[PDB]
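For the numbers below, each heavy atom of this structure counts, side chains included, while hydrogens, waters and symmetry mates do not. Lettering of chains follows the sequences in order, A, B, ..., and the numbering in each one begins at 1.
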Amino acid sequence: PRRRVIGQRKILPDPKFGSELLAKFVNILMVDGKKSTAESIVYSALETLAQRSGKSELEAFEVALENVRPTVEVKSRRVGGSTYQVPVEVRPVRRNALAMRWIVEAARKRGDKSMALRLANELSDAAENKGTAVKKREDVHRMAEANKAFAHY
Amino acid sequence: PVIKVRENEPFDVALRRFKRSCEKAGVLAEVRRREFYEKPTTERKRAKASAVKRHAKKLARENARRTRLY
Amino acid sequence: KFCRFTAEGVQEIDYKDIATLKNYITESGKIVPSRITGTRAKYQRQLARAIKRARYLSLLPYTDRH
Amino acid sequence: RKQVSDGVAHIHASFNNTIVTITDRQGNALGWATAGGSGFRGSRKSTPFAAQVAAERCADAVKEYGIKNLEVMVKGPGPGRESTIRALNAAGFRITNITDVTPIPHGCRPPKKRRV
RNA sequence: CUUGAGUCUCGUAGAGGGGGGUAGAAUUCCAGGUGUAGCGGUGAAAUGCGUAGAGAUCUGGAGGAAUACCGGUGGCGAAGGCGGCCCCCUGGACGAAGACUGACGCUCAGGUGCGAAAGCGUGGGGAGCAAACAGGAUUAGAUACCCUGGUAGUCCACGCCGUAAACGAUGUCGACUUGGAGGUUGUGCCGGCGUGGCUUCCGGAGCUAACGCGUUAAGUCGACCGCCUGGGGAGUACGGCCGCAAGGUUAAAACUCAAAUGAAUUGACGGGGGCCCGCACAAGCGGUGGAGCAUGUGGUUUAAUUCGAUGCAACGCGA
Ligand SMILES: [Mg+2]
Ligand SMILES: [Mg+2]
Ligand SMILES: [Mg+2]
Ligand SMILES: [Mg+2]
Ligand SMILES: [Mg+2]
Ligand SMILES: [Mg+2]
Ligand SMILES: [Mg+2]
Ligand SMILES: [Mg+2]
Ligand SMILES: [Mg+2]
Ligand SMILES: [Mg+2]
Ligand SMILES: [Mg+2]
Ligand SMILES: [Mg+2]
Ligand SMILES: [Mg+2]
Ligand SMILES: [Mg+2]
Ligand SMILES: [Mg+2]
Ligand SMILES: [Mg+2]
Ligand SMILES: [Mg+2]
Ligand SMILES: [Mg+2]
């Protein structure tokens, strides 16, 4: 806004693991205010993710974020009628939000039956750079690298 | 702007001395002034306008030293 | 400031006097404005006239890229 | 094929393009690169980043001559004046001199102003 | 007669003018070397140039035009104008100490001359630029703006043209009337005190419709000249004169309107500027526009489909 009186809003950590990061994943996946319906999807998907990779409940989700988190994005800007896409580094908080949003949006447009398996299928693919969530991360990185010449105002 | 690199001088300091030498001679100012033709009627007009504003701002600055804003 | 030719009782700047003339040309051979060296207007015209005469005799250079 | 070890870099920085030519002391070109030929067209061509890449491709294209110290001629008003020189230094050359050789008439009539 | 006007003596500054020569940078072209795939251009492109070797870089040569820096609301000239450096011929201005002539002045219709640029004629020259023209874009169209090229012309000699927002939109000459801050150029006395010329800005009285001018007046006066009499028609037609032509100059009338206009004020507006704000963008979530149905409206139909609201701010509105 023009005023900048915006402050951070408190988010409770998830009950089963006490993770600030994972609670936001539930919120992004939540639809129509149905948080309970979304926790069962997140918890049963990470249960599948842990038993399929054996790493753990928590850092198995994190290693998926490492391969989806963007490092630089382009912001549109017009000078002479044609728009210049200016690459800008992404702050750490927005890196998680973009990663979680891409994972959820990539998962939703999949072919699996249950969303819990649909999410776990996409989260597992993020570990070895296969899913469509990491493919959007690549597209953002390539688009930012192509427009690297415009990294100025 | 012929710049000779000196011993034990880092490149950035040597490069910085090159900008200061070029900007001193105003080579980029001459080139931009020469890329298009200037009519003699409009070079006299811009020279006349540059002198009047350097005069006007001086009196505007002088009268500010005789004025308080609060 | 301090136009040096008036303080020295100068009547001509004597293009042959190249030691004096090199104090009024930039490192690229451009004549320094009297606004920078504080030279009187009359002697600045003699100075520019002498520098151009020295340039023609190849005593002074027109530019740095000869 | 031959060894020179001491060349001159001529940066041609114009408002539309940057051309880098690395010659010897005698004025004989060995390799060259341009911002336009470095994969940048139109708006991207006239950026300092494009000129930096041109320097990187020109340094590598002349890598088989074994240049160690390099003199620099900077010509033109383009944005890629300083960026190319810094890229040449990062390439691994010993910069001996940096000289601006932009042509200034003391001349011919310039074209008429564009009424945009 | 000497105070206005002028002459002589000494010097000063100046892009004042005419002729000639010459220097350096740069552009273009030509020949060649190095070298390889782009160059150039634009908001983006394309035309265009380039593997027949361009662009870049270096060497040599040719040619024309203009003189970076100095350079300055700096200087000179009646005005137009005048800008590298040197020589020759030449005009004017100013200053100081006198001497000399003895008002010998000012203005000036007709007349004479000079008079930017474009243009015209004849003969040369031609780098760059560039009307016309061609091509490519842009666009609804684009006989333009932009791009790539490009001929007259721009340069020289002679002759014509005689017009410009030829403007300080302010005729010339003379006198008088508070000040301040400068620039430039002399000159006298000891950086200081004067005294002349030219010139820039601010400002007092005064004047002015106001804006503004203000010792360089648009103030107070005098001398002479030019010009004006509502807007349009119209600086046009016809006639005369001038011109090779283009046209220039002098210069109406019918008719038509009741205004046209100047300055300043308050607003509004600007694809003017500056500073701020709003789910206004941006960052996101979910929608509408597609389907069925509900409802209102328009249209149509009907005997009637009651009337009203009907940009935002009518259309699940009066109901
Ligand atoms: Mg152009
Ligand atoms: Mg007459
Ligand atoms: Mg002419
Ligand atoms: Mg002719
Ligand atoms: Mg002819
Ligand atoms: Mg053109
Ligand atoms: Mg004039
Ligand atoms: Mg004028
Ligand atoms: Mg008049
Ligand atoms: Mg005034
Ligand atoms: Mg007529
Ligand atoms: Mg007639
Ligand atoms: Mg938005
Ligand atoms: Mg619908
Ligand atoms: Mg109704
Ligand atoms: Mg109605
Ligand atoms: Mg309303
Ligand atoms: Mg409603």
Requested in this report: Record whether the side chain of C/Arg45 comes under 3.5 Å of the base of E/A15 through a donor-acceptor pair of N or O atoms.
Outcome: no

Closest to the [X] side chain: [options]?
X: C/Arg53; options: E/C146, E/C86, E/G284; result: E/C86
X: C/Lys52; options: E/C70, E/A130, E/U57; result: E/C70
X: D/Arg115; options: E/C145, E/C39, E/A68; result: E/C145
X: D/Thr34; options: E/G38, E/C70, E/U73; result: E/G38
X: C/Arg40; options: E/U184, E/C39, E/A15; result: E/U184

Query - Anti versus syn assignment for E/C104, with syn defined as within 90° of 0 - result: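 Nucleotide E/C104 adopts syn.
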
Query raised in the report: Are A/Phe17 and A/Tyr43 close enough that their ring centres sit under 6.0 Å apart?
Result: yes

Query raised in the report: Quick one: are the ring centres of C/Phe5 and C/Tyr24 less than 6.0 Å apart?
Result: yes

Between [X] ([atom1]) and [N] ([atom2]), how many Å, whole number?
X: A/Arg78; N: E/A282; atom1: CZ; atom2: P; answer: 14 Å
X: C/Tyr43; N: E/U185; atom1: OH; atom2: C1'; answer: 12 Å
X: D/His106; N: E/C70; atom1: NE2; atom2: P; answer: 12 Å
X: B/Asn63; N: E/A181; atom1: CG; atom2: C1'; answer: 13 Å
X: D/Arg114; N: E/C147; atom1: CZ; atom2: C1'; answer: 8 Å
X: C/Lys30; N: E/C69; atom1: NZ; atom2: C1'; answer: 5 Å
X: D/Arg109; N: E/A127; atom1: CZ; atom2: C1'; answer: 14 Å

Query raised in the report: Hey, does D/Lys75 reach any base, or is it just sugar-phosphate, or nothing, if we go heavy atoms under 4.0 Å?
Result: sugar-phosphate

Requested in this report: Please work out if C/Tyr62 contacts a base, only the sugar-phosphate, or nothing of the nucleic acid, heavy-atom cut-off 4.0 Å.
Outcome: base

Query raised in the report: Do D/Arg57 and D/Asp60 meet the salt-bridge criterion of a basic N to acidic O distance under 4.0 Å?
Result: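 Answer for the salt bridge query: no.
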
Requested in this report: Kindly indicate whether a cation-pi arrangement holds for A/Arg77 with A/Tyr153, taking the cut-offs as under 6.0 Å to the six-membered ring centre and within 45° of the axis.
Outcome: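 A/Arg77 over A/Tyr153 ring: yes.
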
Query raised in the report: Expressed in whole Å, how much space separates the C1' atoms belonging to E/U200 and E/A245?
Result: 48 Å

Query raised in the report: Does CZ in B/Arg34 sit with more than 12 non-hydrogen atoms of other residues, nucleotides or ligands closer than 6.0 Å?
Result: yes

Query raised in the report: Does B/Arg44 put a side-chain nitrogen or oxygen below 4.0 Å from OP1 or OP2 of E/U73?
Result: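 No, outside the criterion.
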
Query - Nucleotide opposite E/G159 in a Watson-Crick or G-U pair, distances under 3.5 Å - result: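 E/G159 is paired, partner E/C120.
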
